[PDB]
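Working notes, structure below.
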Amino acid sequence: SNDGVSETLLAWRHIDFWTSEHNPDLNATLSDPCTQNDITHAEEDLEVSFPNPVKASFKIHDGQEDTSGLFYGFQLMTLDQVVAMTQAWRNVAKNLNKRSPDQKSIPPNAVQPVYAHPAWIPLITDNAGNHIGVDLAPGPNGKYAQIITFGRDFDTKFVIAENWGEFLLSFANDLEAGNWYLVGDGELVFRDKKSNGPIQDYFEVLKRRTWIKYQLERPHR
Amino acid sequence: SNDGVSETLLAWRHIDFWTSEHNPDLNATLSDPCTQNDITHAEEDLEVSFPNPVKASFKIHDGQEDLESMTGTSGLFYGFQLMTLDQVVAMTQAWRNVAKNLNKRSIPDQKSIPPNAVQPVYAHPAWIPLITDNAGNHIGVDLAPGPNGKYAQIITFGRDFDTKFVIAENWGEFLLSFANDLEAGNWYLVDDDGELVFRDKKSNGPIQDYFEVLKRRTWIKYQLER
């Protein structure tokens with residue numbers, strides 16, 4: 001599917017423009033495109049096909065190069081970082097197999113209840129062991145190339161979007177709704193503007209929105 | 001990729017030849033190829049990409065038919081039937097409905113050999129059945145492996161598979177291991193050319209259910225690699 005590809009292109013338009021207006025230091029960290037060649041190399045290294053919206057994203061910016069995280073402090077990873085980190089996570093998963101905290105999913109059964117999986121491709125890092133990424137091996141009630149949280153502190157994994165496009169666009173919409181604060185042009189942090197609320201960790205916001213969405217949809221069967 | 005495809009072509013040459021020599025009745029049940037068009041239709045229906053060795057298999061035989069009968073079909077894999085593409089689509093859909101009903105609901109312990117190679121669940125939308133016992137059990141291709149499995153590994157699943165088993169690395173390797181069993185003489189042809197059943201010739205072993213043979217081989221292999 002080219003599902004999310006349009007959403008990806010739109011989101012990058014908003015984010016490119018928003019950073020140029022409000023945070024030119026952040027704007028200047030957004031790397032040049034990957035080549036198709038770059039992508040093919042990575043896909044061959046990892047023995048994976050990147051979903052269409054992820055490849056579109058890479059052909060707009062090859063991550064960030066210093067670098068303070070674009071996603072409210074979380075860094076968009078370069079393709080080399082994606083390869084290296086996927087390999088690192090693959091080593092983890094092999095070590096857990098060589099020797100064999102409750103791993104869980106929201107929604108239940110959408111994401112495999114495991115600490116690490118070779119087919120979870122990290123695209124964003126908090127540089128503390130946590131990721132947002134694309135799940136190429138969903139659980140029985142998940143979707144192929146759904147966007148999840150995983151890593152060191154994600155004993156519970158969350159489905160935060162249906163595809164990379166929808167995820168980027170939801171972030172672009174947060175910027176556009178004024179859900180931000182600048183603490184240099186300064187560090188980008190999240191706040192809920194409409195509620196005049198405090199600064200929040202973006203992971204906690206994502207997890208809360210996933211909960212709310214799941215709860216609101218449960219009545220439907 | 002070019003992983004299992006060659007093994008698939010080779011396996012079908014041996015299986016085509018073995019059936020023609022030893023069991024022409026069985027041979028004649030092997031259907032004509034799917035067209036690329038047939039495959040594209042099915043892939044669009046299911047919203048999946050069939051691995052390369054599975055597509056190659058479909059372009060050699062579209063399962064087993066045996067339309068000239070009135071009492072079931074003699075399954076190629078020691079009684080288990082190779083499913084037609086229409087049967088694969090329909091049964092995938094059926095299994096997907098099962099998995100949806102288990103999601104809608106609030107089934108003993110689901111497990112895997114090797115551990116964590118297969119998701120510990122009763123049904124998954126990405127398990128594509130290719131072989132049936134026509135009693136709810138399947139051999140198929142796992143397009144959503146667990147953390148210690150491989151993409152497009154060949155698994156057992158269904159009604160009686162609370163424990164799922166990885167029985168081959170790809171469809172090619174699976175077909176070839178079956179071809180090798182034929183060639184080693186691991187069979188009897190029982191009648192009222194007769195029904196194809198498994199027996200370990202060199203050990204002078206009893207007739208065995210092929211699922212049990214597969215499960216035992218997987219166990220042994222897992223134990224010997226740990």
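Ordering of the structure tokens sets the chain letters (A, B, ...), residue numbers begin anew at 1 in every chain, and ligands are numbered from 1 in the order given.
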Open item on the list: Which residues are close to segment 85-97 of chain A, i.e. within 7 Å by only C-alpha atoms, leaving aside same-chain residues fewer than 3 positions away? Reply as a PyMOL selection string.
Closed with: (chain A and resi 81-82+100+116-118+121-122) or (chain B and resi 147-148)
With only C-alpha atoms counted and 10 Å as the cut-off, give the residues of chain B in contact with chain A, each with its shortest interatomic distance in Å and the pair that gives it, as a Markdown table.
```
| residue | atom | partner | partner_atom | distance |
| --- | --- | --- | --- | --- |
| B:1 | CA | A:47 | CA | 9.8 |
| B:47 | CA | A:1 | CA | 9.2 |
| B:48 | CA | A:144 | CA | 9.9 |
| B:96 | CA | A:140 | CA | 9.0 |
| B:99 | CA | A:140 | CA | 6.7 |
| B:100 | CA | A:141 | CA | 7.3 |
| B:101 | CA | A:221 | CA | 9.9 |
| B:102 | CA | A:141 | CA | 9.2 |
| B:103 | CA | A:141 | CA | 6.6 |
| B:104 | CA | A:221 | CA | 6.9 |
| B:105 | CA | A:221 | CA | 10.0 |
| B:114 | CA | A:97 | CA | 9.7 |
| B:115 | CA | A:97 | CA | 8.0 |
| B:116 | CA | A:97 | CA | 7.8 |
| B:117 | CA | A:97 | CA | 9.5 |
| B:119 | CA | A:112 | CA | 7.4 |
| B:120 | CA | A:112 | CA | 9.2 |
| B:121 | CA | A:140 | CA | 7.7 |
| B:122 | CA | A:140 | CA | 9.2 |
| B:123 | CA | A:140 | CA | 7.1 |
| B:124 | CA | A:140 | CA | 4.8 |
| B:125 | CA | A:140 | CA | 6.3 |
| B:126 | CA | A:140 | CA | 8.1 |
| B:127 | CA | A:140 | CA | 9.9 |
| B:143 | CA | A:137 | CA | 7.6 |
| B:144 | CA | A:137 | CA | 4.6 |
| B:145 | CA | A:137 | CA | 6.6 |
| B:146 | CA | A:117 | CA | 7.4 |
| B:147 | CA | A:117 | CA | 4.7 |
| B:148 | CA | A:97 | CA | 6.6 |
| B:149 | CA | A:118 | CA | 9.2 |
| B:150 | CA | A:118 | CA | 9.3 |
| B:151 | CA | A:137 | CA | 8.9 |
| B:226 | CA | A:98 | CA | 8.0 |
```
- [ ] Name the residues of segment 68-182 of chain A that come out as helix (DSSP H, G or I) in a backbone DSSP run; write them as JSON, numbers by chain.
- [x] {"A": [79, 80, 81, 82, 83, 84, 85, 86, 87, 88, 89, 90, 91, 92, 93, 94, 95, 96, 97, 98, 164, 165, 166, 167, 168, 169, 170, 171, 172, 173, 174, 175, 176]}
Please produce an output containing C-alpha atoms for each residue in the selection, written as a compact mmCIF listing (two decimals), in the first residue's frame.
```txt
# COMPACT_ATOMS: atom_id res chain seq x y z
CA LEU A 79 19.42 5.22 8.08
CA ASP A 80 22.88 4.11 9.39
CA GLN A 81 21.53 4.53 12.97
CA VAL A 82 18.46 2.45 12.03
CA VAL A 83 20.69 -0.34 10.65
CA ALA A 84 23.09 -0.32 13.62
CA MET A 85 20.29 -0.18 16.23
CA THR A 86 18.21 -2.92 14.51
CA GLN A 87 21.39 -5.08 14.59
CA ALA A 88 21.89 -4.25 18.28
CA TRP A 89 18.30 -5.19 19.06
CA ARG A 90 18.75 -8.41 16.99
CA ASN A 91 21.74 -9.30 19.21
CA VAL A 92 19.57 -8.73 22.31
CA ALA A 93 16.85 -11.03 20.95
CA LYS A 94 19.46 -13.74 20.17
CA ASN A 95 20.92 -13.51 23.73
CA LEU A 96 17.38 -13.87 25.21
CA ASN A 97 16.94 -17.04 23.11
CA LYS A 98 20.38 -18.47 24.21
CA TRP A 164 4.37 5.98 9.58
CA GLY A 165 2.46 8.60 7.58
CA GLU A 166 -0.33 8.85 10.17
CA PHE A 167 2.27 9.07 12.96
CA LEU A 168 4.22 11.94 11.28
CA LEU A 169 1.00 13.78 10.51
CA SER A 170 -0.25 13.51 14.16
CA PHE A 171 3.07 15.09 15.26
CA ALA A 172 2.81 17.78 12.54
CA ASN A 173 -0.77 18.51 13.78
CA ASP A 174 0.51 18.91 17.39
CA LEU A 175 2.97 21.57 16.17
CA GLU A 176 0.20 23.27 14.15
```
Open item on the list: Just want the 8 Å neighbourhood of segment 216-222 of chain B, counted on only C-alpha atoms, with same-chain residues fewer than 2 positions away dropped. Output as a list in words.
Closed with: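 The neighbour list is residues 113, 114, 165, 166, 167, 212, 213, 214, 224, 225 and 226 of chain B.
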Open item on the list: Between atom CA of residue 200 of chain B and atom CA of residue 153 of chain B, what is the distance in Å, rounded to a tenth?
Closed with: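 Atom CA of residue 200 of chain B sits 24.8 Å away from atom CA of residue 153 of chain B.
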- [ ] Excluding segment 145-149 of chain A and any residue of its chain fewer than 5 positions from it, enumerate the residues within 6 Å of it, using only C-alpha atoms, and give them as a PyMOL selection string.
- [x] chain A and resi 131-136+157-163
What would the file look like if the residues just selected were written as a PDB file, in the first residue's frame with N, CA, C and O atoms?
```
ATOM      1  N   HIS A 131      12.356   3.666  21.749  1.00  0.00           N
ATOM      2  CA  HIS A 131      12.158   3.903  20.372  1.00  0.00           C
ATOM      3  C   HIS A 131      10.673   4.078  20.047  1.00  0.00           C
ATOM      4  O   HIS A 131       9.814   3.514  20.682  1.00  0.00           O
ATOM      5  N   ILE A 132      10.429   4.841  18.991  1.00  0.00           N
ATOM      6  CA  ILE A 132       9.229   4.647  18.192  1.00  0.00           C
ATOM      7  C   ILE A 132       9.688   4.013  16.875  1.00  0.00           C
ATOM      8  O   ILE A 132      10.733   4.378  16.327  1.00  0.00           O
ATOM      9  N   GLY A 133       8.918   3.045  16.389  1.00  0.00           N
ATOM     10  CA  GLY A 133       9.327   2.331  15.198  1.00  0.00           C
ATOM     11  C   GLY A 133       8.199   1.591  14.516  1.00  0.00           C
ATOM     12  O   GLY A 133       7.027   1.715  14.869  1.00  0.00           O
ATOM     13  N   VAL A 134       8.578   0.824  13.505  1.00  0.00           N
ATOM     14  CA  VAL A 134       7.614   0.197  12.650  1.00  0.00           C
ATOM     15  C   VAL A 134       7.673  -1.319  12.893  1.00  0.00           C
ATOM     16  O   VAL A 134       8.737  -1.917  12.968  1.00  0.00           O
ATOM     17  N   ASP A 135       6.498  -1.911  13.108  1.00  0.00           N
ATOM     18  CA  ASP A 135       6.354  -3.285  13.520  1.00  0.00           C
ATOM     19  C   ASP A 135       6.032  -4.136  12.285  1.00  0.00           C
ATOM     20  O   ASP A 135       4.904  -4.123  11.817  1.00  0.00           O
ATOM     21  N   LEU A 136       7.021  -4.907  11.801  1.00  0.00           N
ATOM     22  CA  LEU A 136       6.826  -5.721  10.629  1.00  0.00           C
ATOM     23  C   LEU A 136       6.438  -7.160  11.006  1.00  0.00           C
ATOM     24  O   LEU A 136       6.495  -8.006  10.171  1.00  0.00           O
ATOM     25  N   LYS A 157       4.297  -2.462  25.243  1.00  0.00           N
ATOM     26  CA  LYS A 157       4.407  -1.793  23.943  1.00  0.00           C
ATOM     27  C   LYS A 157       3.035  -1.201  23.596  1.00  0.00           C
ATOM     28  O   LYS A 157       2.014  -1.785  23.924  1.00  0.00           O
ATOM     29  N   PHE A 158       3.039  -0.040  22.943  1.00  0.00           N
ATOM     30  CA  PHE A 158       1.802   0.685  22.533  1.00  0.00           C
ATOM     31  C   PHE A 158       1.780   0.857  21.008  1.00  0.00           C
ATOM     32  O   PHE A 158       2.797   1.194  20.429  1.00  0.00           O
ATOM     33  N   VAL A 159       0.643   0.585  20.375  1.00  0.00           N
ATOM     34  CA  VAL A 159       0.396   0.962  18.988  1.00  0.00           C
ATOM     35  C   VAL A 159      -0.038   2.426  19.002  1.00  0.00           C
ATOM     36  O   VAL A 159      -1.067   2.771  19.564  1.00  0.00           O
ATOM     37  N   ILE A 160       0.776   3.280  18.393  1.00  0.00           N
ATOM     38  CA  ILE A 160       0.515   4.693  18.474  1.00  0.00           C
ATOM     39  C   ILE A 160      -0.001   5.227  17.135  1.00  0.00           C
ATOM     40  O   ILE A 160      -0.547   6.312  17.131  1.00  0.00           O
ATOM     41  N   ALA A 161       0.155   4.483  16.026  1.00  0.00           N
ATOM     42  CA  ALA A 161      -0.426   4.870  14.721  1.00  0.00           C
ATOM     43  C   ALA A 161      -0.508   3.643  13.798  1.00  0.00           C
ATOM     44  O   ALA A 161       0.187   2.623  14.003  1.00  0.00           O
ATOM     45  N   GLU A 162      -1.332   3.758  12.752  1.00  0.00           N
ATOM     46  CA  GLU A 162      -1.574   2.644  11.818  1.00  0.00           C
ATOM     47  C   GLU A 162      -0.436   2.551  10.794  1.00  0.00           C
ATOM     48  O   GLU A 162      -0.207   1.496  10.222  1.00  0.00           O
ATOM     49  N   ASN A 163       0.241   3.662  10.514  1.00  0.00           N
ATOM     50  CA  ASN A 163       1.369   3.663   9.603  1.00  0.00           C
ATOM     51  C   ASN A 163       2.211   4.912   9.892  1.00  0.00           C
ATOM     52  O   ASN A 163       1.797   5.823  10.617  1.00  0.00           O
TER      53      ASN A 163
END
```
Open item on the list: as a VMD selection string, please: the residues near residue 168 of chain B (cut-off 8 Å, only C-alpha atoms, same-chain neighbours under 3 positions excluded).
Closed with: chain B and resid 153 to 155 171 173 to 174
Open item on the list: What's around residue 26 of chain A at 12 Å? Count only C-alpha atoms, leave out sequence neighbours fewer than 5 positions away in its own chain, and write the answer as a list in words.
Closed with: residues 15, 16, 17, 18, 19, 20, 21, 31, 63, 64, 65, 66, 67, 68, 69, 70, 71, 72, 73, 74, 75, 76, 182, 184, 185, 186, 187 and 188 of chain A
TODO: Mind listing the strand (DSSP E or B) residues of segment 38-105 of chain B, per DSSP on the backbone, as a list in words?
DONE: residues 64, 75, 77, 79, 80, 81 and 82 of chain B
Mind writing the picked residues with C-alpha atoms as a CSV table (one decimal), in the first residue's frame?
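Saved file out26.csv follows:
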```
chain,number,residue,atom,x,y,z
B,64,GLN,CA,-4.6,-31.3,-5.6
B,75,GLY,CA,-3.6,-36.4,0.2
B,77,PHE,CA,1.8,-35.6,2.0
B,79,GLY,CA,-2.7,-38.4,3.4
B,80,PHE,CA,-2.5,-34.6,4.0
B,81,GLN,CA,-3.9,-32.7,1.0
B,82,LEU,CA,-2.0,-30.0,-0.9
```
Identify, on the basis of only C-alpha atoms, every residue whose closest approach to segment 19-22 of chain B does not exceed 12 Å; exclude the query and any residue fewer than 2 positions from it along the same chain; express the result as a PDB file with N, CA and C atoms, in the first residue's frame.
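Wrote it out as selection09.pdb, contents follow:
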```pdb
ATOM      1  N   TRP B  12       9.727 -30.638  -6.661  1.00  0.00           N
ATOM      2  CA  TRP B  12       8.596 -30.982  -7.521  1.00  0.00           C
ATOM      3  C   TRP B  12       9.003 -31.924  -8.662  1.00  0.00           C
ATOM      4  N   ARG B  13      10.236 -31.799  -9.158  1.00  0.00           N
ATOM      5  CA  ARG B  13      10.711 -32.731 -10.190  1.00  0.00           C
ATOM      6  C   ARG B  13      10.730 -34.155  -9.600  1.00  0.00           C
ATOM      7  N   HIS B  14      11.355 -34.320  -8.438  1.00  0.00           N
ATOM      8  CA  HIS B  14      11.386 -35.628  -7.763  1.00  0.00           C
ATOM      9  C   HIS B  14       9.970 -36.122  -7.406  1.00  0.00           C
ATOM     10  N   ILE B  15       9.099 -35.234  -6.919  1.00  0.00           N
ATOM     11  CA  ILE B  15       7.778 -35.665  -6.462  1.00  0.00           C
ATOM     12  C   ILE B  15       6.934 -36.057  -7.685  1.00  0.00           C
ATOM     13  N   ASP B  16       7.005 -35.257  -8.755  1.00  0.00           N
ATOM     14  CA  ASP B  16       6.286 -35.542 -10.013  1.00  0.00           C
ATOM     15  C   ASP B  16       6.703 -36.930 -10.516  1.00  0.00           C
ATOM     16  N   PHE B  17       8.014 -37.199 -10.508  1.00  0.00           N
ATOM     17  CA  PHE B  17       8.582 -38.441 -11.025  1.00  0.00           C
ATOM     18  C   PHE B  17       8.238 -39.611 -10.093  1.00  0.00           C
ATOM     19  N   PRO B  24       0.306 -43.610  -9.979  1.00  0.00           N
ATOM     20  CA  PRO B  24      -0.233 -42.754 -11.037  1.00  0.00           C
ATOM     21  C   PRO B  24      -1.585 -42.115 -10.679  1.00  0.00           C
ATOM     22  N   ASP B  25      -2.371 -42.774  -9.824  1.00  0.00           N
ATOM     23  CA  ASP B  25      -3.648 -42.253  -9.319  1.00  0.00           C
ATOM     24  C   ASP B  25      -3.377 -40.957  -8.536  1.00  0.00           C
ATOM     25  N   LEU B  26      -2.370 -41.011  -7.654  1.00  0.00           N
ATOM     26  CA  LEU B  26      -1.968 -39.861  -6.856  1.00  0.00           C
ATOM     27  C   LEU B  26      -1.403 -38.777  -7.788  1.00  0.00           C
ATOM     28  N   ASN B  27      -0.517 -39.187  -8.712  1.00  0.00           N
ATOM     29  CA  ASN B  27       0.090 -38.271  -9.686  1.00  0.00           C
ATOM     30  C   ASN B  27      -0.995 -37.439 -10.389  1.00  0.00           C
ATOM     31  N   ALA B  28      -2.058 -38.101 -10.860  1.00  0.00           N
ATOM     32  CA  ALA B  28      -3.112 -37.459 -11.674  1.00  0.00           C
ATOM     33  C   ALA B  28      -3.914 -36.422 -10.873  1.00  0.00           C
ATOM     34  N   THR B  29      -3.865 -36.455  -9.533  1.00  0.00           N
ATOM     35  CA  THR B  29      -4.572 -35.452  -8.677  1.00  0.00           C
ATOM     36  C   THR B  29      -3.838 -34.096  -8.628  1.00  0.00           C
ATOM     37  N   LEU B  30      -2.552 -34.065  -9.021  1.00  0.00           N
ATOM     38  CA  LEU B  30      -1.715 -32.851  -8.989  1.00  0.00           C
ATOM     39  C   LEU B  30      -2.170 -31.893 -10.101  1.00  0.00           C
ATOM     40  N   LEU B  76      -1.450 -36.002  -0.894  1.00  0.00           N
ATOM     41  CA  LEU B  76      -0.072 -36.230  -1.330  1.00  0.00           C
ATOM     42  C   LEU B  76       0.888 -36.443  -0.145  1.00  0.00           C
ATOM     43  N   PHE B  77       0.794 -35.602   0.889  1.00  0.00           N
ATOM     44  CA  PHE B  77       1.776 -35.617   1.983  1.00  0.00           C
ATOM     45  C   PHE B  77       1.329 -36.653   3.010  1.00  0.00           C
ATOM     46  N   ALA B 179      10.272 -34.963  -0.480  1.00  0.00           N
ATOM     47  CA  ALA B 179      10.835 -35.712  -1.628  1.00  0.00           C
ATOM     48  C   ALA B 179      11.871 -36.750  -1.149  1.00  0.00           C
ATOM     49  N   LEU B 182      10.322 -39.901   0.352  1.00  0.00           N
ATOM     50  CA  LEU B 182       9.837 -40.778  -0.718  1.00  0.00           C
ATOM     51  C   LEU B 182      11.000 -41.617  -1.252  1.00  0.00           C
ATOM     52  N   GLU B 183      12.099 -40.926  -1.565  1.00  0.00           N
ATOM     53  CA  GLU B 183      13.281 -41.512  -2.163  1.00  0.00           C
ATOM     54  C   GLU B 183      13.963 -42.500  -1.205  1.00  0.00           C
ATOM     55  N   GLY B 185      12.455 -44.458   0.664  1.00  0.00           N
ATOM     56  CA  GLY B 185      11.511 -45.585   0.803  1.00  0.00           C
ATOM     57  C   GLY B 185      10.684 -45.532   2.079  1.00  0.00           C
ATOM     58  N   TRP B 187       7.779 -45.227   3.203  1.00  0.00           N
ATOM     59  CA  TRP B 187       6.375 -45.260   2.835  1.00  0.00           C
ATOM     60  C   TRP B 187       5.881 -46.700   2.692  1.00  0.00           C
ATOM     61  N   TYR B 188       4.565 -46.868   2.913  1.00  0.00           N
ATOM     62  CA  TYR B 188       3.752 -47.992   2.421  1.00  0.00           C
ATOM     63  C   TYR B 188       2.567 -47.433   1.625  1.00  0.00           C
ATOM     64  N   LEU B 189       2.144 -48.154   0.587  1.00  0.00           N
ATOM     65  CA  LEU B 189       0.949 -47.855  -0.177  1.00  0.00           C
ATOM     66  C   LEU B 189      -0.139 -48.889   0.147  1.00  0.00           C
ATOM     67  N   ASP B 193      -3.744 -47.489  -6.615  1.00  0.00           N
ATOM     68  CA  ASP B 193      -2.464 -47.982  -6.157  1.00  0.00           C
ATOM     69  C   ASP B 193      -2.366 -47.872  -4.618  1.00  0.00           C
ATOM     70  N   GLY B 194      -3.404 -47.338  -3.952  1.00  0.00           N
ATOM     71  CA  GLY B 194      -3.515 -47.388  -2.464  1.00  0.00           C
ATOM     72  C   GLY B 194      -3.160 -46.062  -1.792  1.00  0.00           C
ATOM     73  N   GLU B 195      -3.425 -45.962  -0.476  1.00  0.00           N
ATOM     74  CA  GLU B 195      -3.221 -44.736   0.361  1.00  0.00           C
ATOM     75  C   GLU B 195      -1.759 -44.649   0.820  1.00  0.00           C
ATOM     76  N   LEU B 196      -1.185 -43.444   0.749  1.00  0.00           N
ATOM     77  CA  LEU B 196       0.232 -43.246   1.039  1.00  0.00           C
ATOM     78  C   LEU B 196       0.404 -42.942   2.524  1.00  0.00           C
TER      79      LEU B 196
END
```
- [ ] Have a look at atom CA of residue 184 of chain B and atom CA of residue 209 of chain B and let me know their distance in Å, one decimal.
- [x] 17.2 Å
Task: atom CA of residue 203 of chain A to atom CA of residue 219 of chain A, distance in Å rounded to a single decimal - done: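 Separating atom CA of residue 203 of chain A from atom CA of residue 219 of chain A is a distance of 25.9 Å.
Nearest-residue note for residue 89 of chain B: choosing from B:60, B:42, B:67, B:152, the minimum distance belongs to B:42, counting only C-alpha atoms.
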